[PDB]
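Only one chain comes next, encoded as structure tokens, the form deposited in one PDB entry.
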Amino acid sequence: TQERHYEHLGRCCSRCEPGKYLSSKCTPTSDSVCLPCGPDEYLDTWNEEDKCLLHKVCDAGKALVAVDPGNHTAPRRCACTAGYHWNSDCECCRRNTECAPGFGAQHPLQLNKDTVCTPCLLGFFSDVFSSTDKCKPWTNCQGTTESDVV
């Protein structure tokens, strides 16, 4: 089987499980020697690789941070920091749209996506530009969509 095995010395020797690299090919005495990937390294396949793949750095200069895989078996994702979203056209993190007064941010907020803004409905207001703040209820004592009752 090509999936679990490679051929060497006229026999089918076993490939390395995801998370492990092929340190030594099989011998006339031994099957393959497979060792765990080091820090920030991975292999997500049954393989014959002589080294693990290194996770791409998430560039802090682009406002990116790492999303932890909690394993050595998955490729690692990055994401824009809270309040920012990845734009594939600029290939850059943009500030999330601030919903103007009279509008509120829709929840739940989606990581790495821009804010959806919706108008405050009767009985609710928003007095700030914010990419996170929902519309707030009027305090019970005239209010508008942009201002609380006085």
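Shifts are known only where both forms have a C-alpha. Quick note: we count residues from 1 along the sequence shown, nothing fancier. Rigid core (definition): largest C-alpha set, two forms, superposition within 1.5 Å.
Note that the form deposited in another entry isn't included here; everything after this is about it.
J.: Of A100, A82, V116, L35, which one's CA moves 2 Å or more between this form and the one not shown, core aligned?
T.: Going through each option, the one that shifts is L35.
J.: At a 2 Å cut-off on C-alpha positions, does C16 qualify as shifted between this form and the one not shown after fitting the rigid core?
T.: Yes, the C-alpha position differs by at least 2 Å between this form and the one not shown.
J.: Under a superposition restricted to the rigid core, does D68 display a Cα displacement of 2 angstroms or more between this form and the one not shown?
T.: The answer is yes; the displacement is at least 2 Å.
J.: So, superposing on the core, is the move of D50 at the CA at least 2 angstroms between this form and the one not shown?
T.: Shift of 2 Å or more: yes.
J.: After superposition on the rigid core, which segments of 3 or more consecutive residues show C-alpha displacements of 2 Å or more between this form and the one not shown?
T.: Only these runs move by 2 Å or more: 1 to 57, 66 to 76.
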